[PDB]
Structures are given as C-alpha cells and as structure tokens.
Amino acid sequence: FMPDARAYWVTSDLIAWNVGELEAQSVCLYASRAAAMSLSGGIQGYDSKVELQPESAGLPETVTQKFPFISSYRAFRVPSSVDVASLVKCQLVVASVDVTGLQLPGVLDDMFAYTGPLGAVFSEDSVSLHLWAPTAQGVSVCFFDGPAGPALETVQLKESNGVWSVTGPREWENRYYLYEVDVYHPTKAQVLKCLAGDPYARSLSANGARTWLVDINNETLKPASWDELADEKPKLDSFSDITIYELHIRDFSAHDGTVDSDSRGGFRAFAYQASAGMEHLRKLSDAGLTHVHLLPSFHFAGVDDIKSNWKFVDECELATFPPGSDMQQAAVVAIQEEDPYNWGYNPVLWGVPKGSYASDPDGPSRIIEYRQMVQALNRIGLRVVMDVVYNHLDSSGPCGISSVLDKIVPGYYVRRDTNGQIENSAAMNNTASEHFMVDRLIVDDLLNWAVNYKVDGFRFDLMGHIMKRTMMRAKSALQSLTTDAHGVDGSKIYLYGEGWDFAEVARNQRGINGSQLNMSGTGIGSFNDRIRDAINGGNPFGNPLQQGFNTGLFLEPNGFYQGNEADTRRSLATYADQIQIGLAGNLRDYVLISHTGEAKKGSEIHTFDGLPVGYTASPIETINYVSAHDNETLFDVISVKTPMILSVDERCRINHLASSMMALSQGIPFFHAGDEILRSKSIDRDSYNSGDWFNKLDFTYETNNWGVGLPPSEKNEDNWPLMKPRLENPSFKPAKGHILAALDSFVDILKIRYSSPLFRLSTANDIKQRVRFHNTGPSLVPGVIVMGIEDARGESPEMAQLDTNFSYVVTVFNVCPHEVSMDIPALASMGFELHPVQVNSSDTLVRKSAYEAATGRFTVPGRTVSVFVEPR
C-alpha cells in the first residue's frame, strides 16, 4: 500500500480534493496509527473512519490566497468529532474506487504554527531542547560524550502544541546529540524511527553526524575584540555606495603559497593579513570596493569534512598535458566526488559554518574561525555578504546523514506537486517558504548569521523560489537590529538575490514569489540579466557564438551567421538601448530615446521574450553584472565570442570595457572574483564540481588558468569543438604583464566611481533628472555609448549640489576598434577635462582622450572608456 497524495488537509476543519460532484457524495477519511491500511470495495485495516460532508461553499479566501494552485478544488468538512492532533500523526487516506493520501502543511500551520523557543536554550542552571514535530508519534534525545563515542543516555521529550521539549542540567552543555523521531514517512508508507540533527543547530561534528550542544554566546567562542566589531566596521552611508566582489572561500587560498599549507582553503586563510590574497583584497578595498560576497559557507553536502578522505589530482602530471586535451578533465572528474571542492549549493543545515572550511570539524573551531574571517575582512575595509540557499535541500526522506528537515516533519519543509511528489526545479527538494515554520526557520537563520556572526548582507540564491512575504519579513527583522540591543547595526544590512521566475512558482502559482518583477519597489536587489546579455551577447543557454555590444556584433563579425548587415546593426543598437536602461539603474520609468528614435520608458523596452527590460523602482534594486560564478568567466566569454584573430591585448581592453560599464553604472555593481585579473576556467560553463584545477585563482598573477585542458564533459562536451582551437592557440593566453595591467585598470575604474557621488545617485528621481544619453536614435554612431551626469551649476540651480569637485561628468564607452569623435553640441563651451585618474593612467591609450570646447567634441580611442569631468 503506497498511495499518492492528491488531497490536502488545509485547515483543522477542511480537506480539499479535486473530485467531481457525484464522487464528492461518498468521501471518507481513514486513519491508522500503525500505518496498517490496505485495499480490500473499500479501505481496510483502519483504526477509524469518518464521513466528510461536502462543503458546498468551497475553499475560503485564506486558503485560496495561501494555496492558489488548488483554489478550484472541492472542499470537504471534517466533523468536530475528529481529534485532529491525533490523526495527523497517523497514516491517512481519503477515499470515495479512488484512494489518496493527504498533504498536511495547511492544517499543520493552522493548528501548530509556533513562535516560542526552538533549538537549545541555555540558562544558568539548565539546558532545554525544543523541536517542532507535530506529526511525530515520539521524540527522544540521544546524548553522546564526544563526536565519536557511544550513546551515553537517551531522554524522552514531551509534546505540547506540536513542540517536543525537555529540560536538563547545565552539564548537558557541550554534549553531542541526535533526536530519535518516530514519524510517518509517506515515501515509505511506514512509521520510521529517524535519527536526526537539530534544524536549529549552531554547531555540528564532522559532516553533521551529531549536533554539538554549544552555547553560541560562550566567551571562548569570541575572537579578541569581537564585541567591539560594530565600531570597527567599515562605514556605509548608503546602499548606493555598494560594490560587490563574489568569491569562493576555497578558490581564495587553495593555490596561495603565501598561506601556510595546513591553512589553505578555508576560513583561517583570511586571518593572514600579509598573504597575497589578503593584499589583493586590500588593494581592491582601498580603491573603493565595499563588499565581498562569499559562496555558500553553511553546512552543505558534497564535500567531506574529514580531510583525511580528500583526494587530489597530480598537478605536475596534468600540467604536462596539451592545453586542448580532454585528459585533465578526465582526471579531475575521476575524483570530483571525493575532492575538497564544491560551490556548496547543497543545503543540509543553514545555521552552522561548513566544517570542511574549519581547521577541525569537531568542537569550536568552525565558529571562532568564521568570526575571525568576518573580523579580518572588516578590518581591511570590506563588509561580508553570505550566499544563502533557502530554496532547496540537498536531500529528503527518512534516511541518511544529509537529510535533516524532511526526516523530522516529512512532506512539510519541501514543496510538493499536486500528486504529492517533491518538486525539484531548484536542483532537488525545493523548499516551501510559503509554509509558516519554513518562513520562520529562514528568518531565524538570517538573524543568527547577522547577530552571532555579524554578517553584513545576504545574496539569496533562487529568490524567485522564496515567497515575497518571507523576503519582506526577513528584511524588516534584519534592518531593525541595533548595536545597543544586538551588537550590529541592522540598518546597514543589504539584501539582494536571483529573481528568476520559472517552473512551479511562475505566474504566482504558489503565492507572490521573489521574482524580478515582484521585488520591484521592495528595496531588495536583483541580478540584471538584461545588461549582462546585452553586453556579452546571446544568453548562457543559447548559441555560444552569438555576439553582443561588447563582443563584436556588427562591428567585428566573428563568422557565425547572425543575419544581414542591417539586421546586425539594428540588433547592436537594440542591445545598446538595453545597456543604457541598465546604466541608468534599470528603472521602469526612466525615459530613453530608443534606437528607432521613439522615446520609451525602461519598462517599454522589452526582452526578446516580452517582459520589461527596466523593472525596478530604485537603483538599489539593481545588481548590474556581466559575470558571476555561474556560466563563463568574463575573460572566457570574450574569448569565445570575439573574432578569433583579435590579439589578447585587444581582448584585455574588451574585458576592461565590460567591468567599466559595471563600475560606472547607476545601481550596484557586481564583479566576479577574477574579473580584475583576466580569470579563466578554460571555458568551463559550470565549474561547481570542477575542482581546484579549473577554478584556480592565482594571486601570483603568473597565470590566468586559460589553456589547462578542455573543461569537464558533463556540462561542456557539446561545445568542445569551439573550445579546443581557442585553448590550443598560444595567442589567446595572457601573460603576467596583461594580468597586472588588467588589475591596474580595474583599480582605476573603481577609483573613478568613488571620485564622484554622481555615479551613485540614490533615487530614481535623481537619475531621471541628471542622467542623459547622447548617442541615440536611428542614426546613432554604432559601438558608442555617451552618458552624461549633471550636477548643480550656475547661480540658482534647480537641483542639489552633490559633488564639491565636479559640476558634470561625461563617460564615453567606445567598443569600436578605432578612434571616434562624438560631437555633443549640448556640451559645447564647457570646462571638460579628462578625469585626473585617466590623465595619470598606466594605460597610454586612454591618455589621448580629448575634449574640444567649440564643438563639444569628445575624441576617444578604440576599445576605451574615457571619463571627462567639469571642474568646479
């Protein structure tokens, strides 16, 4: 007997099931505590049976608002005679034959939503444990002395209102434990005794095998001066001042010879202030970088915390293989499930630092070293953003070390389809943030990282899979934290995420989800894929050779057929429109003279697919990027899409153009770690499991990791024929000189952004008043964007003076492979000069940029971004 689950128990007194009128006249509910039911004519082996009267009114508004996708279902009234608390612990089916199980989240929230303490609570004389498990038949705690010792004692918990609790003496502190949860698992149609960690865990033994009953407030877990960290944190006057650098903790130091051997790859590496890696971050910070976004750093699956199990390729041997060989990736893939490497998008327990990144995965090191990492980054002027992954779980079901949440309350923390099968669109085991205790756990976990680890912001992985209400409740709770009450200034904590809208959450089918369009007007950032794709060309899931504004479309065709010349010219101009909307903060309401000459709002310029290009209400809602850990690195995408015959010197200028478009954009610029040093993954489009070999970040600057073999076959083999000749071509590979020059130009473009408040305007109104584009319409000069930003000038101005040094800034982005002269008669007879940073540039070419007053002519060399300022 293995029923599906097509009916929903939505409230204490209502069941929803999509049956017909006649069928609805003979519906009954059947329960068996021992899960002993079977088919006979009817159901048999039940403890109890009760008729469900059809509720002719259907489902009430609260239900249909919470579960839109079942709003048309027939409703059935559960008699007041039923002991609901008892029944939800049983095997349940409804039947009319037609027999199916019940999806319980609605009734579980209706009856057992709980706001009291969860996890471990410490007092002077006691330790208490609290677990929400309203469907469990029994819960006990198993205690162990130590991460490896035998069970010492089992203690029964007692349930009240869905929550199991027990109180013990203070000496319980620092024991290890697991819960023994007896609960009905639908996937097995059996009541099983499951051994599970604490969802509210704050530390774990290796691999989360046991929960460590640690007091997170213990003084010995604090680095020196920890409680004073708020006072040492880098000033953040406005979210408009944010720039983001996205970095993986292992990539940072795995190859860094200036870090002690035993301390490479984890949290401790950040405590080496004089290391090549930390000096690099300090250089960026000094230039103006404000935030570092760290890839997943909580307890995820896919890397063993036990370092003695780690495997490694022979790096010396692999270095001997040809640059376009498939042998390097074969060697990497052979041990990719046993190496130290994963991006970490495989959540197990959200509230605990990843053990593999700690010096010792048992005991306190993971806590103190995480704190030391945050403190170290703050002390070089960088705020710390965590990549939080609340949209799915690594594992589900009653078995195995990697399943926790779904072991304890099966079928609740995970989203399910209308047959009761778990949804997998966000990798596997999608969560259901629409459910009250899931939403609670998400917000509680955010507050844990903000308060216990003094984390400065959060990037939400697949934010479109999270309910908007969860995002907003989190935002409010975070931003209300104060230094006086909580030790952190919550008003400075910044949130942003991936607002992709797809699969079962699209069309608001599970509620209003955290999509790009739905997050407009929330002050929560989202990744601007439109500017990304317009600059680079195509899309990460389209033909890799499709060119864009900054990869030669029309101007420098690459030989891939993309239409007639008129078609490519127009497609280039269309991409320019999309980029300019993005450069002006990707706003719904910003008015641009489009390539046809027609004035259009950002929302009226549409994606090749129908939706608004510009979708935000504020520049702080826009995360502008051309690169990230996903898909090809900036250097690799440029190497794929540009004409093969371009020199690496030319491509280095193109890299600078792309990162400069980000650095000089309104909104929040986002940089992939390595943008600044030409980082390559040898064209790996999805390097999550591609090891240190393909993910090398070389802070000696001797290499960029181009030409280290064809990348792993699973994600890349279809494109190997285009990759091979490029990887094999010595003319594609940059040398140290190119890498250092890329870093110098990146530092300078950051200095330019932070030289004028005009690049970082705080509101849509300011951008609409001040930001103008000057090369527009059908007769625009292809390959050039001219962006002016006005400040108060003359006597009696109609705007505030934002900039004490400059009254006007004009930026010309010239992607043409030749000098251009852009006449802007509107800007004639003004005091423009080349920006002092560029006058003093190590790049000889940008120094040649010039302004002629009589005509308003800005002369800009090929493949160059030139910034002109009018001094006060």
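In this text, residue numbers run from 1 along the sequence as written.
Enquirer: Out of the other entries of this protein with residues modelled on both sides, is residue 13 skipped in at least a third?
Expert: Counting only entries that model residues on both sides, residue 13 is resolved in every one of them.
Enquirer: Please check residue 525 against the other PDB entries of this protein that were compared: is it missing in at least a third of those that model both its neighbours?
Expert: Counting only entries that model residues on both sides, residue 525 is resolved in every one of them.
Enquirer: Can you count the deposited residues that have no coordinates between residue 96 and residue 97 and report it as none, 1 to 3, 4 to 9, or 10 or more?
Expert: Going from residue 96 to residue 97, the model skips 4 to 9 residues of the deposited sequence.
Enquirer: Between residue 40 and residue 41, how many deposited residues lack coordinates (none, 1 to 3, 4 to 9, 10 or more)?
Expert: Count of unmodelled residues in between: 1 to 3.
Enquirer: Is the mean CA B factor in the deposited entry higher across 829-837 or across 59-67?
Expert: Result of the comparison: 59-67.
Enquirer: For the C-alpha atoms alone, is the average B factor greater in 535-543 or in 746-754, going by the entry?
Expert: Comparing 746-754 with 535-543, the higher average CA B-factor belongs to 535-543.
Enquirer: When the CA B-factors of 821, 805, 814, 811 are compared as recorded in the entry, which is the largest?
Expert: Of the options given, 805 has the highest CA B-factor in the PDB entry.
Enquirer: Which one, 792, 133, 284, 495, has the peak C-alpha temperature factor per the PDB entry?
Expert: So the option with the highest C-alpha B-factor is 792.
Enquirer: For residue 7, return the chain-relative third of its C-alpha B-factor as stated in the PDB record: lowest, middle or highest.
Expert: Tercile = middle for this residue's CA B-factor.
Enquirer: Divide the modelled residues of the chain into thirds by Cα B-factor and specify which third, lowest, middle or highest, holds residue 410.
Expert: Ranked within chain, residue 410 CA B lands in the middle tercile.
Enquirer: Test of reading the entry: by CA B factor among the chain's modelled residues, which third contains residue 855?
Expert: Highest third.
Enquirer: Sorting the chain's CA B-factors, does residue 612 end up in the lowest, middle or highest third?
Expert: Highest third - that is where residue 612 ends up once the chain's C-alpha B-factors are sorted.
Enquirer: For the chain shown, is the CA B-factor of residue 159 in the lowest, middle or highest third of its modelled residues?
Expert: Middle third, going by the recorded CA B-factors of the chain.
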